[PDB]
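Peer 1: Would you mind keeping the following structure in view while I ask a few things?
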Amino acid sequence: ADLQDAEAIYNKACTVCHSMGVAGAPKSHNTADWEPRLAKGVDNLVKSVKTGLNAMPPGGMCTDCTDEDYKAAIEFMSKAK
Ligand code: HEC
């Protein structure tokens with residue numbers, strides 16, 4: 001839609017599952033949900049999201065979304081998933 005704000009990207013996109021924790025989704029704010037992700041790194045997730053997990057659409061429900069906004073959307077929450 002528009003990647004003018006990393007907040008607006010997660011709050012428009014990662015806002016159906018991760019907001020409340022639906023479809024078994026990992027919480028928008030956690031430490032133990034993010035710990036096992038921050039063990040390997042960060043980008044390891046930006047690839048998974050752009051790829052689409054099982055319950056996730058291929059491309060994190062995005063289209064023209066650049067790593068700057070994508071990573072910023074992940075890092076808004078913490079710095080991993
Ligand atoms: C449902 C409609 C989802 C939307 C929209 C997004 N995500 Fe998601 N995510 C969802 C589920 C059910 C899960 C599975 C949890 C698991 O067991 O792996 C996830 C997982 C992720 C992960 C991986 C977490 C892990 O521990 O491996 C990441 C990195 C992640 N999701 C990021 C992410 C972002 C940034 C999204 C918006 C661009 C997004 N997800 C949308 C369900 C859904």
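In the structure tokens, chains take the letters A, B, ... in the order shown, each chain's residues start at 1, and ligands count up from 1 in the order shown.
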Could you list, as a VMD selection string, all protein and nucleic acid residues with an atom at most 8 Å from ligand 1, counting only C-alpha atoms and all ligand atoms?
Peer 2: chain A and resid 9 to 10 13 to 18 21 to 26 33 to 34 36 to 37 44 to 46 48 to 50 53 to 57 59 to 62 70 to 71 73 to 74 80 to 81
Peer 1: Quote the spacing between CA of residue 32 (chain A) and CA of residue 63 (chain A) in Å to one decimal place.
Peer 2: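 Taking CA of residue 32 (chain A) as the start and CA of residue 63 (chain A) as the end point, the length is 29.7 Å.
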Peer 1: Just asking: which residues within chain A are helix (DSSP H, G or I) according to DSSP, as a PyMOL selection string?
Peer 2: chain A and resi 6-12+43-51+67-77
Peer 1: Quick one, how far is CA of residue 76 (chain A) from CA of residue 51 (chain A)?
Peer 2: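 That distance, rounded to one decimal, is 20.2 Å.
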Peer 1: When you draw a straight line from CA of residue 29 (chain A) to CA of residue 78 (chain A), how long is it in Å?
Peer 2: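 Rounded to one decimal, the two atoms are 7.3 Å apart.
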Peer 1: For residue 6 (chain A), which residue out of A:47, A:28, A:65, A:72 is the nearest one, using only C-alpha atoms?
Peer 2: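 Closest candidate: A:72.
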